[PDB]
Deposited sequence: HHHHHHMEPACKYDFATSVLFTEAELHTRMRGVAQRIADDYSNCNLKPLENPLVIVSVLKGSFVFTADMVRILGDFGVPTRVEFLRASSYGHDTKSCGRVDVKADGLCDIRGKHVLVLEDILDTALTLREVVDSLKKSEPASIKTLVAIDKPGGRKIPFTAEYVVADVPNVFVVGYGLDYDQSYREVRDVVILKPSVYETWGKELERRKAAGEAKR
């Protein structure tokens, strides 16, 4: 493997960006009827979990390439969402307990609409039923780091999503 701390590389930065451009085209199509505009009517991006800064930085730039103007809020997102379209971003979706709570909280402010976009979905991890509208990639029952995802606050800066070696968290634990 390319990294001494990883068993294998699951998604390279380039693979993640190819997938994100595919998702951005779908988002551009799906919101084309909304007359989004900078200042007057941006898509409100609500980024959830500290590590999602990486995904959110890349995704809002790709969305801008596809003609979807945004404004960003971080929950790690309350003022001025009534009547606005909201897209909630999260780097990983596993049990879905966080995103369920966030979406329900935001619904109380009566946005025009709310959808979710996740970089890594672990659908085997659910503790409640939950389907994200947009998913960049799926991961099975494996522990990954990279692309914002940490192990004890390290490895968020790895450009790829990789499986962390057991010998790393075993020694550190």
Where the deposited sequence has no C-alpha coordinates (positions from 1, in order): 1-10, 87-105, 203-216
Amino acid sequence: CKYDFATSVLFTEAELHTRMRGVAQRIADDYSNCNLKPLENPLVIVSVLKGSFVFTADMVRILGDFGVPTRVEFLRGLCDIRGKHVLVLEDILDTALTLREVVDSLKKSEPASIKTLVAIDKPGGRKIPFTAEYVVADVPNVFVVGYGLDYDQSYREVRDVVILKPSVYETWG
From here on, numbers count along this sequence of modelled residues.
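In this text, the rigid core denotes the largest set of C-alpha atoms whose superposition between the two forms falls within 1.5 Å.
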Divergent stretch in 8 other deposited structures of this protein, 43-51 or 64-72 [C-alpha RMS, superposed by the core]: 43-51
Test item: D80 lacks coordinates in at least a third of other entries: yes
Higher-scoring stretch by recorded Cα B factor average, 163-171 or 2-10: 163-171
Residue stretch of maximal mean CA temperature factor, 113-121 vs 31-39: 31-39
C79, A96, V72, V88, ranked by C-alpha B-factor: the highest one: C79
Given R26, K107, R61, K50, the residue at which the Cα B factor reaches its maximum: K107
Third of the chain's Cα B-factor distribution that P129 belongs to, per the entry: highest
Chain-wide C-alpha B factor ranking for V102, given as lowest, middle or highest third: middle
